[PDB]
Structures are given as structure tokens and as C-alpha cells.
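Each protein sequence line maps, in turn, to chains j, d, G, c, k and e. Mapped onto the authors' numbering, the consecutive letters of the first sequence carry residue numbers 2 to 52. Mapped onto the authors' numbering, the consecutive letters of the second sequence carry residue numbers 35 to 480. Mapped onto the authors' numbering, the consecutive letters of the third sequence carry residue numbers 6 to 111. Mapped onto the authors' numbering, the consecutive letters of the fourth sequence carry residue numbers 79 to 127. Mapped onto the authors' numbering, the consecutive letters of the fifth sequence carry residue numbers 1 to 57. Mapped onto the authors' numbering, the consecutive letters of the sixth sequence carry residue numbers 35 to 452. All C-beta atoms in this analysis are idealised placements derived from N, C-alpha and C, irrespective of residue type, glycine included.
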Amino acid sequence: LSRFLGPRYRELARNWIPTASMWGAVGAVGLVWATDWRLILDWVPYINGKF
Amino acid sequence: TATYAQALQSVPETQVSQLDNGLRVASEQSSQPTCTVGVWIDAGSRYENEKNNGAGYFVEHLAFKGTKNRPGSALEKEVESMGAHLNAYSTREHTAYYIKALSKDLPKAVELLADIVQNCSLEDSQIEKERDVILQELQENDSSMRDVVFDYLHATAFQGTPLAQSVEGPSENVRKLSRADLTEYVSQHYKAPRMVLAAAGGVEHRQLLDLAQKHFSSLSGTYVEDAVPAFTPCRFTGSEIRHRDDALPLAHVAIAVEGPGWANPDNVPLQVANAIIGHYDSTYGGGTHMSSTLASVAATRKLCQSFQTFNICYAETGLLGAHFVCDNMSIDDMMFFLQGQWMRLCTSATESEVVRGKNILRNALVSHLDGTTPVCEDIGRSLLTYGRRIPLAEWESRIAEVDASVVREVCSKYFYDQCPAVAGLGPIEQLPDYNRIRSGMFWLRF
Amino acid sequence: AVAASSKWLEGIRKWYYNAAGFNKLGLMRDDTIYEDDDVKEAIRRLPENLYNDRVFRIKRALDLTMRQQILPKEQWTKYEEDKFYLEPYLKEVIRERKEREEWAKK
Amino acid sequence: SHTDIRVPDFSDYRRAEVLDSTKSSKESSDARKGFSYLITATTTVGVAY
Amino acid sequence: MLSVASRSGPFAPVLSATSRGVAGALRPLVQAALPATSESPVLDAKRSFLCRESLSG
Amino acid sequence: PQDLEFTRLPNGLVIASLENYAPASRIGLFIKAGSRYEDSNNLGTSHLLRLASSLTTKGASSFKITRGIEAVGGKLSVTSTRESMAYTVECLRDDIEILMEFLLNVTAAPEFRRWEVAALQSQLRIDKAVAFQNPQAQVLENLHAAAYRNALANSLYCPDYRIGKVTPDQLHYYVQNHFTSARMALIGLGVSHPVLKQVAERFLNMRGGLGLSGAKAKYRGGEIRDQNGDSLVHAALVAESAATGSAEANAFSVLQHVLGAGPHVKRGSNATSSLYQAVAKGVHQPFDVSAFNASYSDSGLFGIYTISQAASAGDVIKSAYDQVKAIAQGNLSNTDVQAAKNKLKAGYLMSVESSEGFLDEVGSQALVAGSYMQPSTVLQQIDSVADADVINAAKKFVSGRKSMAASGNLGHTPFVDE
């Protein structure tokens, strides 16, 4: 398919993949206190967040 | 058949000389029976204070009304009887008088120009006749909406500086300028180190230099009664003027950020960028297919009558922005699409856009220098601005080093988190609030 | 593009034309197309006599389906009388869309 | 006329680094537009309550 | 021999692709403008008159 | 150097090229077409043809013409008179071969598709209303309708009843009968002469000769008055003079500059204009006055043009007409004739300075006369005009039958028989 074909489609997606960890890692930090992810609160020694 | 590169080498060069006065004399010779010769002066309304703001424009009116040697209409009879033309203008920075004549009438043409700028009469009966001509010309300027809205943009971007004044001055100064205020204006600002004698066409440089030595050598070429102006810069202020008048059929809006001065090297990639935004008018034949995004949108939806982008430069500062005309229900959409094109160049600017914008700027520089009158004006105003004439081969090597990452860097420096200056003339109820305009300068996702 | 199956594959085309039943409602093949953006631009470019013929044929078929009825068999649209009136206008609209798309990536 | 229109004086509202009408405000603008601006940023660390 | 613009007075319109439409040569002939109150009115389909045709580049 | 290279083709086409060493190039195609060649059933076809240069051709779509010219920074413009049309292309020196190909598709193989022509009909209304914001434009279209019965009375703009009704079959018929090779000239300015010629042998398969003879124009001594709400009165008063390219046409050009043909000094009082001085003796209010000169291939008009206030319009026209009567009865100095020859000489050399004025000047000479003449020859024909011929051209105006057109508040404007 030549649906989304082109060197233009991955050129704006070339300069956005630095700020497309604002898509995935922001979801990874968007589920730290909304979820209480238990074994990745010891990602840091800093969060003794519940007593 | 030569190339474009070989044709830039065979352009004739400009020869500059100087007198003991300090008066500069420049020429470009090219094989023609006609010529244009004139005088360019560092004078303007930014050198006036609040007491004499209409002084330099009043003097330009009296320049062809008779001198000491040729009184009254005897100057007009001499120019007309040889088939020559005589013109003038005045900006905020410059003043020019020039003659288009035949190239064998050059000794008579230089003699008339030296007599205009040195020995003008400024008699009392002609001064009282000239007030009513100027007062009627101010009322005619109020009907031109484009001239009013650019006077509003200077008055709000440079609020408490000399650069906010108008060229013509207010109407109360016009009623009260005496003969004494005009003679002080000439002896202070019409000085030989601030003047340039330029010529283009069928001229020899050696002939113009000897004509300048017998007609201009009695200019005071010192700094007697010392009036060398301590050049104060002028600051930019983000602000707004709104003039609401619902009886007018269309609305005029101008918006700008602070831009670079004359000798700043950022000027060349900033007009590659303005050539990507472009201009539009509804008498164009190319609409909905045009390369510019703002032009193609305004033709498809019928959003405006016209728009244009500008690059106004002064010695240390400038204005960088756009002007458009539309109806009363289209102001919010046109401001939305224009601000979205500025943000799309601060990021995201592509290489094929920059190739088109470089080709536009090369064509606009060559097309301006066509004829003896625009070549002569480019000589006389580049020696007051850069101190030299920049040849066409040097403009091309600066244009050739612009690419897409340079355009992204210079547009982010001048546009992004900056406060604009806004001017509007009615019916402008749908012109957005300044907080909503200022928040349109920073983007959401980048 | 096989010369040995020139008549055989035209028998399957004529069979499928009768198994589909827009000809029983008095419709042509280009009446039944799904109207996306390229089809809606081709309808706007039709001449005024071909536009008015299409509007009446669709209205008569919608009225038959409301009543759960079909036309008499002598009024059915024949297979070798079906005019592809929309196909030259649609091939030109699509060629213009593909020209604006090679330009946007080159 | 429209040349009788000028902006009235705004001196008793300006920030203390733009009262001078002759300095061209090059570096007194990016080192100025920050007064009410971590005000906006340290607000949103307090909204973490 | 020559043009209609040399022996001046009969007028000409232009259309461009990227520039504005112009009418005539000597239609805005002047020293009707130095005599007082010659106003160009506000328009409903208004145009740019300098129209990039004399730009500095 | 390399002054001009002039060449007739065996099918009648004229090719002229001058080799500059300038960074820009210019190509122009000049055609004997325009509004004088239409009749009463297709009025306004040549105005719509002027606005249709970006439409789809056989070699390039309307998208590729707009995008392909803008990609190199070029321009495309059309200019028209009552007797000619001109198609102009300009760009830089290395891009001129691909813009020459776009110019040949527009003029030699256009398509006039139904939906594109129908979408362009509303541009006729926008283009006419922009032009008619100048009061000079509608006064000069009424003046040609008052002066002729046919074939120069047709307007440059489409009539109002006709907007919406110009058909694609009319556009195909107009180009087929008027865009032919014996009516055309191709002028280059930065291109060599061999390059333009093989360009020219790509439009000769059709259009082999002369297409349609136009009707000879017949003079009518009419009058058209247009009352409206403008603040000033515009009026014109002419008589029939002489065709272009004659010895009597040079005498009317000198007579125009004796009387006054526009100002030389910015905000000047027009000290050498004998028309302006005679009006300003008795009138102490804002006015303007000029001599009008229009020269065509088989006819011409000469007269006066006044702009005045409503209550003073009769005084301005009568004093301007009396000054021409003094020249016709012998009051003419040789000092005023020599000063008028200088303004006519200097104005011709200044109008050929730029590339735009030089290309139009070669194109008019190629269609009207079929040759090129150096400006040294043109300057000697002006020198040969005598004082007896200037007086004899003012006698043809005074005793000739008049035509008139006026507009504004016409309550004090005289009628043409008064």
C-alpha cells in the first residue's frame, strides 16, 4: 500500500521521537501514584511513600 | 550563453570618492542616453523632538519653490524645457531629491541640485501658502486605512521615543512652525558628512567628481556649532491600540515583533522565512493552488481581501510582522492561521520550503535593480546604511548558506515567547484579547 | 488478460450481474457506488442532463424498496446497455489527488 | 487627524527595568519576564496535594 | 509605428498569477492631487496598489 | 551591443531577440487580439480569456502551472489593449527553458473545462469593480462608445448582463480565429536567437495564416452623460485625428506637448503648460486639465480632459477649448515648439530604460509595422515636424465633429452642441 508512504511521514516523526518518550515514559510516570505500582516504587530508594 | 553565476561577475562596479568636506560621491556607469542623479541625506523625523516634529516635511514642500539665483517658477521652467523630471521623498530616517534627465544634460542637473540644497529661499509668503496645502493633505491621509494603521503600529511599539513620531507631524505643529525653525533645521541637518551624491546611467565618474568640486566645495565640511547627535537607541514595547469604528466596511490589522537592525547578519534568513509565508490578494489568478499555506487557505474559504509580510529595518531595531484586511466576522480565523505559520517555522521547517524561499529572494533582488532610478536609489541609501554598496555576488553567497536548521534557529530567537505589538482599525469587535494573542505565541505540543 | 478464457470469464461476469439485483430496481452500476470524497467531486462535475437522470433513478429505486417490490422484467436494466457515465470523471479526480501527494513528499 | 494620536504615559505601571526610554531592552527582557513565572511553576508543584 | 503607451492616454488592464491587477497608465495623472482634497475612498473589494511591483528585495 | 536580431518565419511569425548579460530573462508573446475583434454576440470573451491563463492545458494541469512557476520564483502576466494582447514570463537566467514551455501550453493548447470556466465567472465581477474605483476608467470606456459605432467602441471589461454567460465554446472559437501565427510576435531579452526559433517551431501545426478580418471602425459623433454621486466632474471632448505610423500622427504628438501632457515637477504649478495657464486665469479653485491622445491602427482620437468641481465645470471646459482655437489661427512660437520636441524626445528614451518598457516597445513595432527601428531614427522623425503642421493639426480638431463623455453631478456641464 502507498497509503501513508513518503519521506515526509517519517521526517516529522524523526524530530518527534525525541519528544515521543513524552508518549511512553510519561505513561510510565503517569502510573506511579495513580496505581501504587508496588515493585517499581523501589525504582528509587527515595519513595518510602506509605508509612 | 553565460550562466547566472557568470552574469553576476560582469555587473559593473560602484566607484566611491570623497571631498575635503566629507561629501561622498558614487556612480555606476552603464552605456545609456539617460541618467538619474540625486542627493541622499541623513535627516528625518527621528532626529526631531516634540517642538519641531513637522519641520523636515515642511522643508521638502518648499524645495522647488525658488532659490536665491532662480526665484519662483524659474526653476520649474528650466527643468521642463529640457524634458527632465524632479522628485522627492521623506521617511523617518532619510530624505532625497533627484533628477531624471538626458545624459548630456548632467552639468546642468548637478548645478540645480547644489542650488536646491544650499540656497533655498524659504520666504515668508510661500510659508503661509504651504500650511493650508499640508493641512489639506493630512485630511486626505485619514482616508487611507493602510497609512493610518502603520502609523498606529509605530506609535505603540516605540511609545516614548523619537521613533514613534510621524513624518508629517501633528496638526498643531503645522499651524505654528515659523521661519526661524526651518532655518535652524537646515543648518543643523544638511551637512556635508551626512550627504551622498549618487548617479547612475550614462555617467563618467571623473566628470561627476569635478562637477562636485565646483558646486559643492563651499559646504561647511567641519563640525562647527557642534550638533553631532548622541544616538540614543529606541526600545520595543509589547502593547496594543484599538480604534473601533463600525461604519467602515473592512477592518485593517497589523502585528509585529521586534526585529534586527540594518547591519545585523540575521536579516537575510529572516526574509527567506517571510518569503515562505508570502502575500495574497483576491485579484490573483493562482488561488487554492498556491504554495503558501496561508494564501491557499484564504482563497478556499474567502477569509480576507489581502495580506502581506514586512521587514522594516532601522539602525539598531526594526519591526517584523504582517498586515491583513478582512470583514468583521473573519478576524479571529485569520489571526489563528497566521500565528500557526510562525510556530510552524520555529520548529518543523523543511528543506524544500527553504529552497523555494531562497529562489524568491534572488528574484526580488534582481527585479528591483531595473532602470536608472532604482539603481541610483540603492547607491545613495546603502552608503548611509552599510557605509558601502554590497554587490550582487555578495548577496548570493549569503543566501546560499541558508538551510532549514538556520531558519529554525533565527525564527525561534525572534518570534517564540515574545510580546507582539498590535494595531487595529474598525470594525474590530472580533479581534481577540491580548492575553489570547500572547498565548498564541507559545505552542502546546512542542 | 487471457485469450483462452475470453468468453468463459464473461459468462461469470454476466452471471454476477444478475445475481446482484440493482438491475431489478432499474439502476445502473454507477448509481450504486459508495460516495466518498473523490466520488462527491465527480458528481459535481457531471453535465446537467446526466445529473438529473441519476437523481430520478435513485428516487424510483428507494420508493420500490419501501414497498418491498421490484419492476416488471421488461423494464430491467440490460447487461450490454449499462452506461458507465461516472467512470471518466472519477479517473480524472483521482489522478489530481495523486499529483498533489507526490508533490507534498518531493 | 490620525497624527494627533499618541499613547498616554505608562510610567507608573512599568517594571523597574524598563522605565528608561533610551536603552534598547536587549537583556533587560529575558531577565525580566520571570517575576510571576515560577509563581506559575511552583503553583503546580503545590497542586500535587 | 509605436505603442499606445508612447502616445499616452488609451488604457490597458493587467492580470498576474502572483501580483495585483493594474488599470491604465496615465489614469492617476497628477496635480489634481496637489490641488486640495483628492481622496481615494475606502473600498469593499480593496487592493494593494504598490503591489510588490516596486519592492527593494 | 548585439542590438537586435530580427527574423520572419515562412508562416508569418516574427522573432526578435537581444542578448543581454543580465541575470534575469524575459519572454513575451504578442498577439493581434483583444476587444476590437469581438461582435455583439460574444461581448466580454477577451476579458475572460485574459483571466484564464492558469487553467488546465493539454501539457500541464492547473496545479503544475501554479506550483512549477512558484518553485523557481517566476512570474506570469497578461496585458491587453483594444488592439493587442501580450503574455509575459520572467525568471532568472538558468530557469528560462522550463517557463518557456509553460507559456506555449497556455497560448497554443488550452482546454476550457466546464467546471473551471464556471468557477471563474465570478472573477469578472471582482476584476471590474476593482478597476472602476478609478473614475478615469469608466469615463474612458464611455468615450469610446460615444466616438465609434463599432470595433473600437467595445469595452475592455465584460458587460454586466453578460457575466455568467460566457461559454467554453466561445473561448475555443475566439482562440481558433485570432491566435494565429501571422498575427503573432515572440520577443526575448536574455535568450539567444537559436533557442527562441526551435521553441517557435513547436506551435505551427495548426494556426497557419490570418484568421478573421475585423471591421473597419466608423466614427460616431455621440455623447454619453452619467449622473452619479461623485464629488468631482470628469469630462472629455475629442475629435478624430490620424492613424499610427503617419506624418500627421507626429504632428499631433508635438501638439499634445505644446498644450500639456502631465507634470514634470512634484507639486509644481505647470509653468510651461499653455492649457493649464489659460484655465487658471479665471478659475481660482482645485482643477486639473490635460491633452488626450489615443492612436490606433486605422483611426485616432485627440482632445482635452478636465477634472473640476460641479459648479465650475462649464468655465473650465470653455476656457480650455478657447486656448486650442488660438493655436489654430496661427498663434504659435518656435520657442514653444522646440521646448515641446524636447519633452517628446526625452519621454521616449526614458520609457525604454527598463526591461518591461523595452520589451513592450519592440512588441508593438513588430505587430504594427513588422520591423524594428533604432531610437536614433525615431528622434529624427520628431525633428522633421514643422510649425505649419502643428497649426494644421489644431485646425483639424477645431473644425471636426466632436464626441463627449462626462460623469458626476452634471447640472452645470454643457452639452456637446452648446
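- Straight through space, the alpha carbons of residue 334 of chain e and residue 9 of chain k are spaced by roughly 11 Å.
- Residue 212 of chain e is positioned such that its CB atom lies closer than 7 Å to that of residue 245 of chain e.
- Separation of the CB atoms of residue 197 of chain e and residue 118 of chain e is rounded to 24 Å, and the pair is thereby denied contact status at 8 Å.
- Under the three-state reduction of DSSP, residue 414 of chain d is assigned to helix.
- Judged by their CB atoms, residue 57 of chain e and residue 257 of chain d are not nearer to each other than the 7 Å cut-off.
- Contacts with chain k (Cβ-Cβ distance below 8 Å) from the segment 164 to 184 of chain e involve 164, 165, 167, 168, 170, 171, 174, listed in chain order.
- For residue 262 of chain e, the three-state secondary structure derived from DSSP is coil.
- Only those residues of the segment 12 to 25 of chain j whose C-beta falls short of 8 Å from the nearest C-beta of chain d are listed: 12, 13, 16, 20.
- For the C-beta of residue 110 of chain G, the chain j residues within less than 7 Å are, from N- to C-terminus, 7, 8, 9.
- The Cβ atoms of residue 453 of chain d and residue 307 of chain d lie no closer than 7 Å to each other.
- Across the set d:105, d:164, d:410, d:118, the C-alpha of d:105 shows the shortest separation from the C-alpha of residue 155 of chain d.
- By the neighbour-count definition (other C-beta atoms within 10 Å, threshold 16), residue 449 of chain e is an exposed residue.
- The beta carbon of residue 90 of chain G sits closer than 7 Å to those of 35, 55, all from its chain and outside the five residues before and after it, given in chain order.
- In this structure, DSSP gives residue 39 of chain k a state outside helix and strand, which the three-state scheme calls coil.
- Where residue 67 of chain G is concerned, the enclosing alpha helix (DSSP H) starts and stops at 53 to 71.
- Distance from the CA atom of residue 351 of chain e to the CA atom of residue 369 of chain d, rounded to whole angstroms, is 52 Å.
- Closer than 8 Å at the C-beta level to chain j, one finds these residues of the segment 374 to 389 of chain d: 381, 382, 384.
- Annotated three-state conformation of residue 339 of chain e is strand, per DSSP.
- Excluding sequence positions up to five before and after residue 38 of chain j, its CB lies within less than 7 Å of the CB of 32, all in the same chain and listed in chain order.
- Residues of chain G with a Cβ closer than 8 Å to the Cβ of residue 101 of chain e are, in chain order, 108.
- Counting only residues of its own chain and dropping the five nearest sequence neighbours on each side, residue 349 of chain e has a CB closer than 7 Å to the CB of 316, 317.
- Contact between residue 34 of chain k and residue 301 of chain e holds, since their C-beta atoms are separated by about 5 Å, short of 8 Å.
- Fewer than three beta-carbon pairs drawn from the segment 371 to 387 of chain d and the segment 364 to 371 of chain e are found closer than 8 Å, and the two stretches are therefore not classed as touching.
- Taking each of e:185, e:146, e:153 in turn and checking the Cα distance to residue 71 of chain e, the smallest one comes out for e:185.
- In the DSSP annotation of this structure, the continuous segment of the beta strand (DSSP E) that includes residue 289 of chain d starts and ends at 285 to 292.
- Burial state of residue 265 of chain d is exposed, judged by a 10 Å Cβ sphere holding fewer than 16 other Cβ atoms.
- Secondary structure of residue 346 of chain e (DSSP, three-state): coil.
- Excluding sequence positions up to five before and after residue 403 of chain e, its CB lies within less than 8 Å of the CB of 279, all in the same chain and listed in chain order.
- For residue 328 of chain d, the number of other beta carbons within 10 angstroms of its own is at least 16, and it is reported as buried.
- For chain e, the residues of the segment 127 to 152 of chain d that bring a beta carbon within less than 7 Å of one of its beta carbons are 134, 136, in chain order.
- With a cut-off of 8 Å on Cβ pairs, the segment 344 to 358 of chain d is in contact with the segment 290 to 304 of chain d, counting three or more such pairs.
- In this chain, residue 346 of chain d is not harboured by any alpha helix (DSSP H); it is covered by the beta strand (DSSP E) spanning 340 to 347.
- Residue 41 of chain k and residue 178 of chain d have their alpha carbons spaced roughly 8 Å apart.
- Just so you know, the alpha carbons of residue 455 of chain d and residue 362 of chain d end up roughly 21 Å apart.
- DSSP places residue 274 of chain e within a strand segment (E or B) once states are collapsed to three.
- Taking C-beta separations shorter than 7 Å and ignoring five residues to either side along the sequence, the partners of residue 371 of chain d in its chain run 328, 331, following chain order.
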